[PDB]
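Everything below belongs to structure.pdb, which stores PDB, N, CA and C atoms.
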ATOM      1  N   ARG Q   1     -26.665  27.066 -10.766  1.00  0.00           N
ATOM      2  CA  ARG Q   1     -26.604  27.363  -9.340  1.00  0.00           C
ATOM      3  C   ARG Q   1     -27.102  28.779  -9.032  1.00  0.00           C
ATOM      4  N   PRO Q   2     -27.701  28.970  -7.866  1.00  0.00           N
ATOM      5  CA  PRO Q   2     -28.059  30.301  -7.471  1.00  0.00           C
ATOM      6  C   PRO Q   2     -26.804  31.130  -7.167  1.00  0.00           C
ATOM      7  N   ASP Q   3     -27.020  32.423  -7.310  1.00  0.00           N
ATOM      8  CA  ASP Q   3     -25.974  33.363  -7.069  1.00  0.00           C
ATOM      9  C   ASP Q   3     -25.421  33.222  -5.677  1.00  0.00           C
ATOM     10  N   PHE Q   4     -26.187  32.852  -4.670  1.00  0.00           N
ATOM     11  CA  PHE Q   4     -25.623  32.815  -3.331  1.00  0.00           C
ATOM     12  C   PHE Q   4     -24.470  31.802  -3.231  1.00  0.00           C
ATOM     13  N   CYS Q   5     -24.421  30.805  -4.121  1.00  0.00           N
ATOM     14  CA  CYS Q   5     -23.362  29.826  -4.135  1.00  0.00           C
ATOM     15  C   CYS Q   5     -22.027  30.394  -4.499  1.00  0.00           C
ATOM     16  N   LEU Q   6     -22.006  31.623  -5.030  1.00  0.00           N
ATOM     17  CA  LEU Q   6     -20.775  32.278  -5.429  1.00  0.00           C
ATOM     18  C   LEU Q   6     -20.198  33.158  -4.332  1.00  0.00           C
ATOM     19  N   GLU Q   7     -20.926  33.346  -3.224  1.00  0.00           N
ATOM     20  CA  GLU Q   7     -20.459  34.165  -2.140  1.00  0.00           C
ATOM     21  C   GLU Q   7     -19.390  33.439  -1.366  1.00  0.00           C
ATOM     22  N   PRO Q   8     -18.437  34.195  -0.789  1.00  0.00           N
ATOM     23  CA  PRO Q   8     -17.437  33.591   0.056  1.00  0.00           C
ATOM     24  C   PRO Q   8     -18.100  32.991   1.312  1.00  0.00           C
ATOM     25  N   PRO Q   9     -17.475  32.000   1.927  1.00  0.00           N
ATOM     26  CA  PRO Q   9     -18.035  31.431   3.151  1.00  0.00           C
ATOM     27  C   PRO Q   9     -18.018  32.492   4.256  1.00  0.00           C
ATOM     28  N   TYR Q  10     -19.010  32.390   5.122  1.00  0.00           N
ATOM     29  CA  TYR Q  10     -19.225  33.386   6.217  1.00  0.00           C
ATOM     30  C   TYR Q  10     -19.268  32.690   7.550  1.00  0.00           C
ATOM     31  N   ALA Q  11     -18.145  32.795   8.291  1.00  0.00           N
ATOM     32  CA  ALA Q  11     -18.060  32.240   9.623  1.00  0.00           C
ATOM     33  C   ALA Q  11     -18.973  32.981  10.609  1.00  0.00           C
ATOM     34  N   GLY Q  12     -19.105  34.282  10.409  1.00  0.00           N
ATOM     35  CA  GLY Q  12     -19.784  35.114  11.348  1.00  0.00           C
ATOM     36  C   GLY Q  12     -18.999  35.332  12.616  1.00  0.00           C
ATOM     37  N   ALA Q  13     -19.642  36.070  13.537  1.00  0.00           N
ATOM     38  CA  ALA Q  13     -18.954  36.520  14.750  1.00  0.00           C
ATOM     39  C   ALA Q  13     -19.025  35.621  15.936  1.00  0.00           C
ATOM     40  N   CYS Q  14     -19.933  34.649  15.928  1.00  0.00           N
ATOM     41  CA  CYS Q  14     -20.061  33.829  17.128  1.00  0.00           C
ATOM     42  C   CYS Q  14     -18.942  32.838  17.287  1.00  0.00           C
ATOM     43  N   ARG Q  15     -18.832  32.213  18.440  1.00  0.00           N
ATOM     44  CA  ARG Q  15     -17.616  31.545  18.875  1.00  0.00           C
ATOM     45  C   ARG Q  15     -17.676  30.035  18.824  1.00  0.00           C
ATOM     46  N   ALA Q  16     -18.741  29.456  18.298  1.00  0.00           N
ATOM     47  CA  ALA Q  16     -18.773  28.019  18.104  1.00  0.00           C
ATOM     48  C   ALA Q  16     -17.803  27.602  16.989  1.00  0.00           C
ATOM     49  N   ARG Q  17     -17.557  26.276  16.964  1.00  0.00           N
ATOM     50  CA  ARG Q  17     -16.752  25.672  15.877  1.00  0.00           C
ATOM     51  C   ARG Q  17     -17.609  24.565  15.302  1.00  0.00           C
ATOM     52  N   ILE Q  18     -18.357  24.905  14.281  1.00  0.00           N
ATOM     53  CA  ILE Q  18     -19.328  24.009  13.649  1.00  0.00           C
ATOM     54  C   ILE Q  18     -18.869  23.777  12.233  1.00  0.00           C
ATOM     55  N   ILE Q  19     -18.627  22.532  11.835  1.00  0.00           N
ATOM     56  CA  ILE Q  19     -18.120  22.289  10.486  1.00  0.00           C
ATOM     57  C   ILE Q  19     -19.292  22.300   9.520  1.00  0.00           C
ATOM     58  N   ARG Q  20     -19.205  23.174   8.520  1.00  0.00           N
ATOM     59  CA  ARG Q  20     -20.188  23.327   7.502  1.00  0.00           C
ATOM     60  C   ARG Q  20     -19.529  23.256   6.109  1.00  0.00           C
ATOM     61  N   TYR Q  21     -20.346  23.219   5.095  1.00  0.00           N
ATOM     62  CA  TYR Q  21     -19.880  23.168   3.714  1.00  0.00           C
ATOM     63  C   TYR Q  21     -20.274  24.411   2.968  1.00  0.00           C
ATOM     64  N   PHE Q  22     -19.421  24.836   2.054  1.00  0.00           N
ATOM     65  CA  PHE Q  22     -19.728  25.930   1.159  1.00  0.00           C
ATOM     66  C   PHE Q  22     -19.282  25.516  -0.244  1.00  0.00           C
ATOM     67  N   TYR Q  23     -19.940  26.061  -1.246  1.00  0.00           N
ATOM     68  CA  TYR Q  23     -19.518  25.884  -2.621  1.00  0.00           C
ATOM     69  C   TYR Q  23     -18.426  26.846  -2.967  1.00  0.00           C
ATOM     70  N   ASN Q  24     -17.308  26.321  -3.428  1.00  0.00           N
ATOM     71  CA  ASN Q  24     -16.137  27.123  -3.898  1.00  0.00           C
ATOM     72  C   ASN Q  24     -16.266  27.118  -5.393  1.00  0.00           C
ATOM     73  N   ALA Q  25     -16.654  28.227  -5.985  1.00  0.00           N
ATOM     74  CA  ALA Q  25     -17.054  28.260  -7.365  1.00  0.00           C
ATOM     75  C   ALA Q  25     -15.807  28.200  -8.240  1.00  0.00           C
ATOM     76  N   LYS Q  26     -14.680  28.730  -7.753  1.00  0.00           N
ATOM     77  CA  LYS Q  26     -13.445  28.606  -8.519  1.00  0.00           C
ATOM     78  C   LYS Q  26     -13.012  27.132  -8.623  1.00  0.00           C
ATOM     79  N   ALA Q  27     -13.050  26.413  -7.501  1.00  0.00           N
ATOM     80  CA  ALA Q  27     -12.700  24.999  -7.480  1.00  0.00           C
ATOM     81  C   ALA Q  27     -13.787  24.103  -8.094  1.00  0.00           C
ATOM     82  N   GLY Q  28     -15.017  24.572  -8.093  1.00  0.00           N
ATOM     83  CA  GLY Q  28     -16.116  23.781  -8.531  1.00  0.00           C
ATOM     84  C   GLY Q  28     -16.436  22.624  -7.624  1.00  0.00           C
ATOM     85  N   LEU Q  29     -16.401  22.774  -6.357  1.00  0.00           N
ATOM     86  CA  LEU Q  29     -16.901  21.686  -5.506  1.00  0.00           C
ATOM     87  C   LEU Q  29     -17.165  22.371  -4.162  1.00  0.00           C
ATOM     88  N   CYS Q  30     -17.655  21.568  -3.260  1.00  0.00           N
ATOM     89  CA  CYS Q  30     -17.979  21.989  -1.911  1.00  0.00           C
ATOM     90  C   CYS Q  30     -16.841  21.611  -0.977  1.00  0.00           C
ATOM     91  N   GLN Q  31     -16.457  22.569  -0.156  1.00  0.00           N
ATOM     92  CA  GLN Q  31     -15.380  22.459   0.802  1.00  0.00           C
ATOM     93  C   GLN Q  31     -15.924  22.715   2.196  1.00  0.00           C
ATOM     94  N   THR Q  32     -15.164  22.309   3.208  1.00  0.00           N
ATOM     95  CA  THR Q  32     -15.537  22.600   4.579  1.00  0.00           C
ATOM     96  C   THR Q  32     -15.034  23.952   5.042  1.00  0.00           C
ATOM     97  N   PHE Q  33     -15.755  24.520   6.012  1.00  0.00           N
ATOM     98  CA  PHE Q  33     -15.306  25.697   6.732  1.00  0.00           C
ATOM     99  C   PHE Q  33     -15.906  25.626   8.131  1.00  0.00           C
ATOM    100  N   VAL Q  34     -15.319  26.486   8.999  1.00  0.00           N
ATOM    101  CA  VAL Q  34     -15.748  26.595  10.362  1.00  0.00           C
ATOM    102  C   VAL Q  34     -16.733  27.735  10.521  1.00  0.00           C
ATOM    103  N   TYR Q  35     -17.942  27.399  10.907  1.00  0.00           N
ATOM    104  CA  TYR Q  35     -19.021  28.333  11.127  1.00  0.00           C
ATOM    105  C   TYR Q  35     -19.177  28.582  12.618  1.00  0.00           C
ATOM    106  N   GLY Q  36     -19.380  29.853  12.983  1.00  0.00           N
ATOM    107  CA  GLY Q  36     -19.407  30.255  14.371  1.00  0.00           C
ATOM    108  C   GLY Q  36     -20.695  30.139  15.069  1.00  0.00           C
ATOM    109  N   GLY Q  37     -21.787  29.784  14.372  1.00  0.00           N
ATOM    110  CA  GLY Q  37     -23.056  29.504  14.974  1.00  0.00           C
ATOM    111  C   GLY Q  37     -24.113  30.558  14.926  1.00  0.00           C
ATOM    112  N   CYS Q  38     -23.805  31.740  14.406  1.00  0.00           N
ATOM    113  CA  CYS Q  38     -24.823  32.770  14.231  1.00  0.00           C
ATOM    114  C   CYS Q  38     -24.666  33.426  12.846  1.00  0.00           C
ATOM    115  N   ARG Q  39     -25.841  33.881  12.360  1.00  0.00           N
ATOM    116  CA  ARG Q  39     -25.924  34.738  11.206  1.00  0.00           C
ATOM    117  C   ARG Q  39     -25.475  34.066   9.927  1.00  0.00           C
ATOM    118  N   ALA Q  40     -25.766  32.751   9.807  1.00  0.00           N
ATOM    119  CA  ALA Q  40     -25.420  32.023   8.597  1.00  0.00           C
ATOM    120  C   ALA Q  40     -25.961  32.702   7.360  1.00  0.00           C
ATOM    121  N   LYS Q  41     -25.152  32.691   6.318  1.00  0.00           N
ATOM    122  CA  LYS Q  41     -25.582  33.046   4.974  1.00  0.00           C
ATOM    123  C   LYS Q  41     -25.959  31.760   4.273  1.00  0.00           C
ATOM    124  N   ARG Q  42     -26.388  31.890   3.013  1.00  0.00           N
ATOM    125  CA  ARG Q  42     -26.973  30.708   2.331  1.00  0.00           C
ATOM    126  C   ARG Q  42     -25.935  29.736   1.849  1.00  0.00           C
ATOM    127  N   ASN Q  43     -24.719  30.154   1.521  1.00  0.00           N
ATOM    128  CA  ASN Q  43     -23.666  29.248   1.089  1.00  0.00           C
ATOM    129  C   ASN Q  43     -23.015  28.572   2.297  1.00  0.00           C
ATOM    130  N   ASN Q  44     -23.842  27.752   2.969  1.00  0.00           N
ATOM    131  CA  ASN Q  44     -23.537  27.185   4.268  1.00  0.00           C
ATOM    132  C   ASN Q  44     -24.484  26.011   4.394  1.00  0.00           C
ATOM    133  N   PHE Q  45     -23.957  24.808   4.298  1.00  0.00           N
ATOM    134  CA  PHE Q  45     -24.731  23.592   4.263  1.00  0.00           C
ATOM    135  C   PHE Q  45     -24.253  22.624   5.317  1.00  0.00           C
ATOM    136  N   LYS Q  46     -25.176  21.751   5.725  1.00  0.00           N
ATOM    137  CA  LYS Q  46     -24.843  20.754   6.751  1.00  0.00           C
ATOM    138  C   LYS Q  46     -24.148  19.537   6.169  1.00  0.00           C
ATOM    139  N   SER Q  47     -24.121  19.381   4.866  1.00  0.00           N
ATOM    140  CA  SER Q  47     -23.522  18.203   4.229  1.00  0.00           C
ATOM    141  C   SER Q  47     -23.002  18.571   2.862  1.00  0.00           C
ATOM    142  N   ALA Q  48     -22.025  17.802   2.412  1.00  0.00           N
ATOM    143  CA  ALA Q  48     -21.565  17.908   1.034  1.00  0.00           C
ATOM    144  C   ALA Q  48     -22.680  17.667   0.061  1.00  0.00           C
ATOM    145  N   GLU Q  49     -23.520  16.683   0.304  1.00  0.00           N
ATOM    146  CA  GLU Q  49     -24.602  16.375  -0.609  1.00  0.00           C
ATOM    147  C   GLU Q  49     -25.538  17.539  -0.781  1.00  0.00           C
ATOM    148  N   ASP Q  50     -25.966  18.174   0.303  1.00  0.00           N
ATOM    149  CA  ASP Q  50     -26.902  19.286   0.163  1.00  0.00           C
ATOM    150  C   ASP Q  50     -26.218  20.444  -0.585  1.00  0.00           C
ATOM    151  N   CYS Q  51     -24.947  20.702  -0.282  1.00  0.00           N
ATOM    152  CA  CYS Q  51     -24.196  21.758  -0.953  1.00  0.00           C
ATOM    153  C   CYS Q  51     -24.144  21.501  -2.450  1.00  0.00           C
ATOM    154  N   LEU Q  52     -23.789  20.264  -2.840  1.00  0.00           N
ATOM    155  CA  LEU Q  52     -23.671  19.944  -4.245  1.00  0.00           C
ATOM    156  C   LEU Q  52     -25.017  19.914  -4.944  1.00  0.00           C
ATOM    157  N   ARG Q  53     -26.052  19.418  -4.290  1.00  0.00           N
ATOM    158  CA  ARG Q  53     -27.391  19.431  -4.907  1.00  0.00           C
ATOM    159  C   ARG Q  53     -27.802  20.863  -5.214  1.00  0.00           C
ATOM    160  N   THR Q  54     -27.510  21.781  -4.278  1.00  0.00           N
ATOM    161  CA  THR Q  54     -27.937  23.156  -4.461  1.00  0.00           C
ATOM    162  C   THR Q  54     -27.083  23.915  -5.459  1.00  0.00           C
ATOM    163  N   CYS Q  55     -25.767  23.737  -5.377  1.00  0.00           N
ATOM    164  CA  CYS Q  55     -24.827  24.590  -6.046  1.00  0.00           C
ATOM    165  C   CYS Q  55     -24.008  23.965  -7.165  1.00  0.00           C
ATOM    166  N   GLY Q  56     -24.063  22.656  -7.369  1.00  0.00           N
ATOM    167  CA  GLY Q  56     -23.149  22.064  -8.361  1.00  0.00           C
ATOM    168  C   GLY Q  56     -23.497  22.372  -9.787  1.00  0.00           C
ATOM    169  N   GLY Q  57     -24.763  22.622 -10.122  1.00  0.00           N
ATOM    170  CA  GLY Q  57     -25.192  23.115 -11.475  1.00  0.00           C
ATOM    171  C   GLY Q  57     -26.418  24.028 -11.301  1.00  0.00           C
ATOM    172  N   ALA Q  58     -26.606  24.749 -12.421  1.00  0.00           N
ATOM    173  CA  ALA Q  58     -27.668  25.742 -12.511  1.00  0.00           C
ATOM    174  C   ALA Q  58     -27.804  26.553 -11.213  1.00  0.00           C
TER     175      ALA Q  58
END
Kindly present the structure from the file in structure tokens form.
Amino acid sequence: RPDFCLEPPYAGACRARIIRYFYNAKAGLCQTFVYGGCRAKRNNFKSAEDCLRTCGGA
């Protein structure tokens, strides 16, 4: 997985409530979080599948 998959999830400052996925490297899977709609970082996916494809190995 790329290093960005190890970063904590980033809601950012905006006020939307958008459900996104992040890789939780301690748990080893992708979890949901609430994203605010601006300034997304890379550990922020629209689906579990995309999160796991990107971050589940290497």
Two-atom distance - atom C of residue 15 in chain Q, atom N of residue 31 in chain Q (Å):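 Atom-to-atom, atom C of residue 15 in chain Q to atom N of residue 31 in chain Q, that is 20.4 Å.
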d(atom C of residue 51 in chain Q, atom C of residue 16 in chain Q) in Å: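 Between atom C of residue 51 in chain Q and atom C of residue 16 in chain Q the gap works out to 21.3 Å.
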Residues returned when the PyMOL selection byres (((chain Q and resi 18-21 and name CA) around 9) and name CA) runs on this file, as a list in words: residues 9, 16, 17, 22, 23, 30, 31, 32, 33, 34, 35, 36, 37, 43, 44, 45, 46, 47, 48, 50 and 51 of chain Q
For the residues in the current selection, export N, CA and C atoms as a CSV table (one decimal), keeping the file's coordinate frame.
chain,number,residue,atom,x,y,z
Q,9,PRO,N,-17.5,32.0,1.9
Q,9,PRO,CA,-18.0,31.4,3.2
Q,9,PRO,C,-18.0,32.5,4.3
Q,16,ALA,N,-18.7,29.5,18.3
Q,16,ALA,CA,-18.8,28.0,18.1
Q,16,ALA,C,-17.8,27.6,17.0
Q,17,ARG,N,-17.6,26.3,17.0
Q,17,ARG,CA,-16.8,25.7,15.9
Q,17,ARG,C,-17.6,24.6,15.3
Q,22,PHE,N,-19.4,24.8,2.1
Q,22,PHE,CA,-19.7,25.9,1.2
Q,22,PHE,C,-19.3,25.5,-0.2
Q,23,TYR,N,-19.9,26.1,-1.2
Q,23,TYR,CA,-19.5,25.9,-2.6
Q,23,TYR,C,-18.4,26.8,-3.0
Q,30,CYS,N,-17.7,21.6,-3.3
Q,30,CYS,CA,-18.0,22.0,-1.9
Q,30,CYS,C,-16.8,21.6,-1.0
Q,31,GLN,N,-16.5,22.6,-0.2
Q,31,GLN,CA,-15.4,22.5,0.8
Q,31,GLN,C,-15.9,22.7,2.2
Q,32,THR,N,-15.2,22.3,3.2
Q,32,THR,CA,-15.5,22.6,4.6
Q,32,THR,C,-15.0,24.0,5.0
Q,33,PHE,N,-15.8,24.5,6.0
Q,33,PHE,CA,-15.3,25.7,6.7
Q,33,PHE,C,-15.9,25.6,8.1
Q,34,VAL,N,-15.3,26.5,9.0
Q,34,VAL,CA,-15.7,26.6,10.4
Q,34,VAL,C,-16.7,27.7,10.5
Q,35,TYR,N,-17.9,27.4,10.9
Q,35,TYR,CA,-19.0,28.3,11.1
Q,35,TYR,C,-19.2,28.6,12.6
Q,36,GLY,N,-19.4,29.9,13.0
Q,36,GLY,CA,-19.4,30.3,14.4
Q,36,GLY,C,-20.7,30.1,15.1
Q,37,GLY,N,-21.8,29.8,14.4
Q,37,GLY,CA,-23.1,29.5,15.0
Q,37,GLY,C,-24.1,30.6,14.9
Q,43,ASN,N,-24.7,30.2,1.5
Q,43,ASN,CA,-23.7,29.2,1.1
Q,43,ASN,C,-23.0,28.6,2.3
Q,44,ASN,N,-23.8,27.8,3.0
Q,44,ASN,CA,-23.5,27.2,4.3
Q,44,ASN,C,-24.5,26.0,4.4
Q,45,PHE,N,-24.0,24.8,4.3
Q,45,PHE,CA,-24.7,23.6,4.3
Q,45,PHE,C,-24.3,22.6,5.3
Q,46,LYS,N,-25.2,21.8,5.7
Q,46,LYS,CA,-24.8,20.8,6.8
Q,46,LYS,C,-24.1,19.5,6.2
Q,47,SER,N,-24.1,19.4,4.9
Q,47,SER,CA,-23.5,18.2,4.2
Q,47,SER,C,-23.0,18.6,2.9
Q,48,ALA,N,-22.0,17.8,2.4
Q,48,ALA,CA,-21.6,17.9,1.0
Q,48,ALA,C,-22.7,17.7,0.1
Q,50,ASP,N,-26.0,18.2,0.3
Q,50,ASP,CA,-26.9,19.3,0.2
Q,50,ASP,C,-26.2,20.4,-0.6
Q,51,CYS,N,-24.9,20.7,-0.3
Q,51,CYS,CA,-24.2,21.8,-1.0
Q,51,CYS,C,-24.1,21.5,-2.4
Atomic distance atom C of residue 38 in chain Q - CA of residue 57 in chain Q, expressed in Å with one decimal: 26.4 Å
Centre and size of axis-aligned box enclosing range 10-23 of chain Q plus 8 Å each side, as JSON:
{"center_x": -18.5, "center_y": 29.4, "center_z": 8.0, "size_x": 19.6, "size_y": 30.2, "size_z": 37.8}
Please run DSSP on the backbone and report, as an mmCIF file with N, CA and C atoms, in the coordinates of the input, all residues within chain Q that come out as helix (DSSP H, G or I).
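Produced file result.cif, reproduced below:
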data_model
loop_
_atom_site.group_PDB
_atom_site.id
_atom_site.type_symbol
_atom_site.label_atom_id
_atom_site.label_comp_id
_atom_site.auth_asym_id
_atom_site.auth_seq_id
_atom_site.Cartn_x
_atom_site.Cartn_y
_atom_site.Cartn_z
ATOM 1 N N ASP Q 3 -27.020 32.423 -7.310
ATOM 2 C CA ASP Q 3 -25.974 33.363 -7.069
ATOM 3 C C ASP Q 3 -25.421 33.222 -5.677
ATOM 4 N N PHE Q 4 -26.187 32.852 -4.670
ATOM 5 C CA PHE Q 4 -25.623 32.815 -3.331
ATOM 6 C C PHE Q 4 -24.470 31.802 -3.231
ATOM 7 N N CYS Q 5 -24.421 30.805 -4.121
ATOM 8 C CA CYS Q 5 -23.362 29.826 -4.135
ATOM 9 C C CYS Q 5 -22.027 30.394 -4.499
ATOM 10 N N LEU Q 6 -22.006 31.623 -5.030
ATOM 11 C CA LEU Q 6 -20.775 32.278 -5.429
ATOM 12 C C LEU Q 6 -20.198 33.158 -4.332
ATOM 13 N N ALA Q 48 -22.025 17.802 2.412
ATOM 14 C CA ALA Q 48 -21.565 17.908 1.034
ATOM 15 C C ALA Q 48 -22.680 17.667 0.061
ATOM 16 N N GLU Q 49 -23.520 16.683 0.304
ATOM 17 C CA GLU Q 49 -24.602 16.375 -0.609
ATOM 18 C C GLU Q 49 -25.538 17.539 -0.781
ATOM 19 N N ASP Q 50 -25.966 18.174 0.303
ATOM 20 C CA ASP Q 50 -26.902 19.286 0.163
ATOM 21 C C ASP Q 50 -26.218 20.444 -0.585
ATOM 22 N N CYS Q 51 -24.947 20.702 -0.282
ATOM 23 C CA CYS Q 51 -24.196 21.758 -0.953
ATOM 24 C C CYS Q 51 -24.144 21.501 -2.450
ATOM 25 N N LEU Q 52 -23.789 20.264 -2.840
ATOM 26 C CA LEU Q 52 -23.671 19.944 -4.245
ATOM 27 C C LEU Q 52 -25.017 19.914 -4.944
ATOM 28 N N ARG Q 53 -26.052 19.418 -4.290
ATOM 29 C CA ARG Q 53 -27.391 19.431 -4.907
ATOM 30 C C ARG Q 53 -27.802 20.863 -5.214
ATOM 31 N N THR Q 54 -27.510 21.781 -4.278
ATOM 32 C CA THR Q 54 -27.937 23.156 -4.461
ATOM 33 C C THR Q 54 -27.083 23.915 -5.459
ATOM 34 N N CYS Q 55 -25.767 23.737 -5.377
ATOM 35 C CA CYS Q 55 -24.827 24.590 -6.046
ATOM 36 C C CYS Q 55 -24.008 23.965 -7.165
#
Shell of 7 Å around residue 40 in chain Q, all atoms listed in the file, local chain residues under 4 positions omitted, as a PyMOL selection string: chain Q and resi 10-12+44
Residues near residue 4 in chain Q, cut-off 9 Å, only C-alpha atoms, skip fewer than 5 positions along chain, as a PyMOL selection string: chain Q and resi 41-43+55
Could I get range 33-53 of chain Q rebuilt with N, CA, C and O atoms, written as a compact mmCIF listing (two decimals), in the coordinates of the input?
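Result went into out-v3.txt, see below:
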# COMPACT_ATOMS: atom_id res chain seq x y z
N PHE Q 33 -15.76 24.52 6.01
CA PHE Q 33 -15.31 25.70 6.73
C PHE Q 33 -15.91 25.63 8.13
O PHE Q 33 -16.82 24.91 8.43
N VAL Q 34 -15.32 26.49 9.00
CA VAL Q 34 -15.75 26.60 10.36
C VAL Q 34 -16.73 27.74 10.52
O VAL Q 34 -16.39 28.89 10.27
N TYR Q 35 -17.94 27.40 10.91
CA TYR Q 35 -19.02 28.33 11.13
C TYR Q 35 -19.18 28.58 12.62
O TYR Q 35 -19.12 27.64 13.43
N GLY Q 36 -19.38 29.85 12.98
CA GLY Q 36 -19.41 30.26 14.37
C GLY Q 36 -20.70 30.14 15.07
O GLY Q 36 -20.76 30.35 16.30
N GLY Q 37 -21.79 29.78 14.37
CA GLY Q 37 -23.06 29.50 14.97
C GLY Q 37 -24.11 30.56 14.93
O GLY Q 37 -25.19 30.35 15.42
N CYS Q 38 -23.80 31.74 14.41
CA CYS Q 38 -24.82 32.77 14.23
C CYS Q 38 -24.67 33.43 12.85
O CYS Q 38 -23.58 33.55 12.30
N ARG Q 39 -25.84 33.88 12.36
CA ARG Q 39 -25.92 34.74 11.21
C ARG Q 39 -25.48 34.07 9.93
O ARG Q 39 -24.94 34.67 8.99
N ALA Q 40 -25.77 32.75 9.81
CA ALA Q 40 -25.42 32.02 8.60
C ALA Q 40 -25.96 32.70 7.36
O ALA Q 40 -27.09 33.13 7.33
N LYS Q 41 -25.15 32.69 6.32
CA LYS Q 41 -25.58 33.05 4.97
C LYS Q 41 -25.96 31.76 4.27
O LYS Q 41 -25.91 30.66 4.83
N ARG Q 42 -26.39 31.89 3.01
CA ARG Q 42 -26.97 30.71 2.33
C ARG Q 42 -25.94 29.74 1.85
O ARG Q 42 -26.25 28.54 1.71
N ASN Q 43 -24.72 30.15 1.52
CA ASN Q 43 -23.67 29.25 1.09
C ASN Q 43 -23.02 28.57 2.30
O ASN Q 43 -21.86 28.82 2.66
N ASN Q 44 -23.84 27.75 2.97
CA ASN Q 44 -23.54 27.18 4.27
C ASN Q 44 -24.48 26.01 4.39
O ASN Q 44 -25.69 26.23 4.56
N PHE Q 45 -23.96 24.81 4.30
CA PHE Q 45 -24.73 23.59 4.26
C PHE Q 45 -24.25 22.62 5.32
O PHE Q 45 -23.08 22.61 5.71
N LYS Q 46 -25.18 21.75 5.72
CA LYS Q 46 -24.84 20.75 6.75
C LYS Q 46 -24.15 19.54 6.17
O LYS Q 46 -23.65 18.72 6.95
N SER Q 47 -24.12 19.38 4.87
CA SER Q 47 -23.52 18.20 4.23
C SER Q 47 -23.00 18.57 2.86
O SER Q 47 -23.49 19.51 2.21
N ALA Q 48 -22.02 17.80 2.41
CA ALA Q 48 -21.56 17.91 1.03
C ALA Q 48 -22.68 17.67 0.06
O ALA Q 48 -22.76 18.35 -0.95
N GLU Q 49 -23.52 16.68 0.30
CA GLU Q 49 -24.60 16.38 -0.61
C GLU Q 49 -25.54 17.54 -0.78
O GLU Q 49 -25.94 17.86 -1.92
N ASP Q 50 -25.97 18.17 0.30
CA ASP Q 50 -26.90 19.29 0.16
C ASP Q 50 -26.22 20.44 -0.58
O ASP Q 50 -26.86 21.10 -1.42
N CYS Q 51 -24.95 20.70 -0.28
CA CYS Q 51 -24.20 21.76 -0.95
C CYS Q 51 -24.14 21.50 -2.45
O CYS Q 51 -24.40 22.40 -3.26
N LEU Q 52 -23.79 20.26 -2.84
CA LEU Q 52 -23.67 19.94 -4.24
C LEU Q 52 -25.02 19.91 -4.94
O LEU Q 52 -25.12 20.36 -6.11
N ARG Q 53 -26.05 19.42 -4.29
CA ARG Q 53 -27.39 19.43 -4.91
C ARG Q 53 -27.80 20.86 -5.21
O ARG Q 53 -28.41 21.15 -6.25
